[PDB]
Amino acid sequence: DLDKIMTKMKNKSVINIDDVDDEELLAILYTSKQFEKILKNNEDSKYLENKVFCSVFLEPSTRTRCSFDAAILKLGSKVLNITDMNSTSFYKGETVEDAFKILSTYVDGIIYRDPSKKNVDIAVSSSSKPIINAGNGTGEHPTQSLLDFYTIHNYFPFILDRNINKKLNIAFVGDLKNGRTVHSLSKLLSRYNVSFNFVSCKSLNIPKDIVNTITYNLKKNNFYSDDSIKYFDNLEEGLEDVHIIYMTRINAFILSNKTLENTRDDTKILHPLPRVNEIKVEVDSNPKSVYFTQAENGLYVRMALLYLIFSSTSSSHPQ
Amino acid sequence: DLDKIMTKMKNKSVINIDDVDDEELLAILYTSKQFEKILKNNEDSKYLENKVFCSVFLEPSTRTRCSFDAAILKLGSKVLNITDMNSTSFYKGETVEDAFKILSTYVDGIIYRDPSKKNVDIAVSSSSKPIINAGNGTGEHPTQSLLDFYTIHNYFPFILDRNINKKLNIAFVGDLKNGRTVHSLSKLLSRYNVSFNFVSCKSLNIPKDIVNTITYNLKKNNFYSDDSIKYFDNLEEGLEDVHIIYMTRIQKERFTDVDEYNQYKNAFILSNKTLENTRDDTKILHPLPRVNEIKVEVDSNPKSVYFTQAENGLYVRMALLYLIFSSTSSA
Amino acid sequence: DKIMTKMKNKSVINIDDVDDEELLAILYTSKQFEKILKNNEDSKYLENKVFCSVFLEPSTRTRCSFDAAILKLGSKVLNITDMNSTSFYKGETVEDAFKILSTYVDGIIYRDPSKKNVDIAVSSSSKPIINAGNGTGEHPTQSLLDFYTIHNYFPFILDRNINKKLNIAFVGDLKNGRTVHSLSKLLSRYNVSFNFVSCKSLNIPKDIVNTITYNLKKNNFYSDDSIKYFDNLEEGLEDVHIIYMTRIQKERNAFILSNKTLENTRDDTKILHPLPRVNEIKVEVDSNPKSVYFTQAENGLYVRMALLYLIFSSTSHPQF
Ligand SMILES: CC(C)(C)OC(=O)Nc1sc(-c2ccccc2)cc1C(=O)NCCO
């Protein structure tokens, strides 16, 4: 019931993927799809005009910031930017609480990226306007989790069915210790009938805190077993019967056409990007690779999220 | 008569607060109030669409620039920004006169902030388009003066009456030497029936050039007396029978070194304790940011309005853009 | 409308990417925008588009020019700015960066001192790119607005009439002035004669004289009065319809234009300069009705709007 769920999402801050429930995730995935088709058919997309937002990027994060700016502009709204700056030069004197209390009186909402853990939680306390977390230094990056999930759902829409018979399996590969992109998606995936293969070098294993959240969430839905989670130190074994391969950022695990010879027919490769050697150019040509569609889907998910939070009357729903 | 006054203000450059006369101040205050209500009642605010402005900020001044950006965008216009730059890296050796002659052919108006005194005066000579000064070195910051005045007028609308019997008293507290925010507002307030209490440390007293402008302006309106201006070095006396307390910034970079800053940054800290012996109706202003001047405890105190003040900048900057750039007689 | 259909989704990198018919559409459209704007008419002929402006060197005048064009057409733009090749491309391939960026937006305005980077950007981008300047000297929009200016005062450059020939003096640093090279290339397609005025070790490169010579021959306009070389203004500024003065960049004077040095030029001569100036042209000359370097800079808005409109329209033509 889009309209029940829209009323509930109106003026919601999105900081953590756990701020988004079952019903909300469904509206986001249904709305993101409507924006994918509207844009792909070159139709009018101005479903959120008359908003003025502030984008605050206190670390270099060009790809994410351009993603949000494009979302806002394609919806027909305007944005004022703070950019190419850091915590100390932005907040010259000033308490984060004063800066957000004032900033939030000029605009309808704020997109905030800040390496500081604390600063985003203060910004939410202090802001009279909704804030969307664009990434901080606890690894909260909800929009990346949501667009990772949207990608996977398009190839395997039975993840949403919670079907004891239809289980999805995924390999996370590379640096699982620091890959906060893995942690955030794991958290979201484990809400569903999903199995995990953690492929790493020893001193970059998945943290225990994360194994525990997966284990807790799989048990809540009666999908936990001894084949819920498995750990490999090599691709050959690790890439076995997996519907998704998700490669992390920063040798041990370079994806090549050779190393994809014994994967499922239907397997799809994700990567939050940028890459460096993790995935060889040769793989871009391989029909299993979808990391570029994934990045593209960021636009449709960020538009859907802005639409669902900031729409006023909302009557003329996306079609 | 907003129609007569709007025709007169169309294409006006606003550089100093003395560019703004009686009638114009009234239009600005009346228009700013209309934008306060429009925004507070979630109505359409796109009263100035199809304009394209350049915002040129050649010093870090993020809060003022965001204020102007929001004003322009909420009016339904567009803006190209120059930002995170300084005079020499922008001009790369080109005359300010050539740069503004060219820039002003691409856009409808320019918002200009530059620490250089001279640069803004030249920009106005050379520009074929109206300029709003968003702050320069000489202390001219007309939009801060206008939003300071708008705030005060909302709580004490009899400043506008020039009634011999209804007089407003204001304490400016802190750094009155370098607080160019005090000098600009003093200049505007003294046009009216106002009395001043300058509260400072000795080596941060108000300059005499400013006392003389106040004195001259109060005489012109037959409001001068020897209780027009009083000087205190302490809050107890200084905050006595005053309708407004205006607290200034303490800016470390106006001080020979760190040691001079600290010996003055905590001379006058406003607390709930130090507001015991003020009028019931007194209101606290601060152009912000604060650092210690005002204890968080005071934010909860109904006398504090420094956050409303900051908020009012959006309404005053929208009003001023609308009055200068709109092509038509409407509201 | 024939020419617009053909230009739709074109990348413009080099002035040689623009042909006879395309140059005519650009000149006709740029004039439509000049009149619309000068008469304060609605100019929103390209709404609902979203561009990315990527400027990986400080180039304020050109960047603001394109941003103003995009906004006056009624479209939106997200800016990357005050960044320099290595800090953008944190360590990422130019090909990945453009493959992704081009999925968010309708078109990209790209300035980058790297030669290579712009060519990679065009290979990788699923969207049209307009080159706003690179470090081979390609700057098509500057050539287009230089040509538009000249055409306004001497519209017989377009006629290719053996009897109506235009003569132009390029003055200053002809070696490095890649603004001269780009315009020379475009002018020589027409019935034009060239006077290169310089100090010896800043003469025009031979590669450029050869392109002029080739293009004049192709149209049967070449002769031994096609190109002439002076080391002084007196001779060099002889019977020339256009004087184009160059920048002198001290990272790499002899010819100051004054009212004195313009006394024995044609009555109809017009002075261009891509700007900024320093001493090349005395402020006294601004008052002289021959000077048009400020109209030239102004015409950048009309030409950049025309070019955006001709490429990005997907759809009542621009009228007065
Ligand atoms: C209100 C008044 C003080 C009169 O004007 C401004 O808004 N101008 C200024 S300058 C400034 C500042 C802060 C610390 C160190 C140096 C300069 C604060 C702001 C500002 O706008 N924000 C700067 C945020 O980085």
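These numbers come from the heavy atoms of this one structure, side chains and all, not from hydrogens, waters or symmetry mates. Indexing begins at 1, ligand by ligand and atom by atom, following the structure's order. A, B, ... follow the sequence lines: proteins, then strands. Residue 1 opens every chain.
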Write out the residue and atom name of the closest protein heavy atom to atom 15 (C) of ligand 1, then the distance separating them to 0.1 Å.
B:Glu253 OE2, 3.5 Å

I need the atoms of ligand 1 closer than 4.0 Å to a non-hydrogen atom of A:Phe90, numbered in the order shown.
24 (C), 25 (O)

What part of B:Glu59 sits under 4.0 Å from ligand 1 if we count only heavy atoms: the side chain, the backbone, both or neither?
neither

Closer than 4.0 angstrom: is that true for some heavy atom of A:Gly93 and an atom of ligand 1?
no

The single option from B:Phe196, B:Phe156, B:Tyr155 that satisfies ring pair (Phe, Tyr, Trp, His ring centres under 6.0 Å) with B:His243 is B:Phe156

Relative to each other, are the rings of A:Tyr112 and A:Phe100 parallel, tilted or perpendicular (30° and 60° limits)?
tilted

Atoms of ligand 1 close to B:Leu288 [distance to a heavy atom under 4.0 angstrom, numbered from 1]:
1 (C), 3 (C)

Give me the ring orientation class for B:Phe198 and B:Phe172: parallel if the planes are under 30° apart, tilted from 30 to 60°, perpendicular past 60°.
parallel

Against ligand 1, does A:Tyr91 come closer than 4.0 Å with any heavy atom?
no

Describe, in one word, how the ring planes of A:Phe310 and A:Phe53 are oriented to each other, choosing from parallel (under 30°), tilted (30 to 60°) and perpendicular (over 60°).
perpendicular

Could you give the distance from OH (A:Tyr91) to CE (A:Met85), rounded to the nearest 0.5 Å?
11.5 Å

So for A:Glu94 against ligand 1, with non-hydrogen atoms under 4.0 Å, the contacting part is neither

Nearest protein heavy atom with distance in Å, relative to atom 23 (C) of ligand 1:
B:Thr62 N, 3.7 Å

Please compare B:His141, A:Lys92, B:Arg249, B:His286 and report which has the shortest non-hydrogen distance to atom 18 (C) of ligand 1.
B:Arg249

Any B:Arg254 heavy atom less than 4.0 Å to ligand 1:
no

Nearest neighbour in protein (non-hydrogen) for atom 2 (C) of ligand 1
B:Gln144 OE1, 3.5 Å

Can a side-chain donor-acceptor contact be found between B:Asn301 and B:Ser304 if the only test is distance below 3.5 angstrom?
no

Distance under 4.0 Å to a non-hydrogen atom of B:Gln251: what atoms of ligand 1 satisfy this?
15 (C), 16 (C), 17 (C)

Between A:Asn81 and A:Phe57, does the side chain to side chain contact (heavy atoms under 4.5 Å, CB included) criterion hold? Intermediate values first, please.
CA-CA 8 Å; A:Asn81 293 273; A:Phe57 275 68; over 6 Å; no

Spatial distance of atom CZ (B:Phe90) from atom CD (B:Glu94) [nearest 0.5 Å]:
8.5 Å

For B:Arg63, is at least one N or O under 3.5 Å away from an N or O on ligand 1?
yes

Find all atoms of ligand 1 within a distance of less than 4.0 Å from any non-hydrogen atom belonging to B:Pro287, and give their numbers and elements.
1 (C)

Quick one: look up the protein heavy atom nearest atom 7 (O) of ligand 1 and list residue, atom name and how far away it is.
B:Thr64 OG1, 2.5 Å

Is B:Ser61 near ligand 1, meaning one of its heavy atoms is under 4.0 Å from it?
yes

Closest heavy-atom pair, B:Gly238 versus B:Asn197, reported as atoms and distance to 0.1 Å, is O-OD1, 3.2 Å

Distance check, rounded to the nearest 0.5 Å: B:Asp148 atom CG versus B:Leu189 atom CG?
8.5 Å

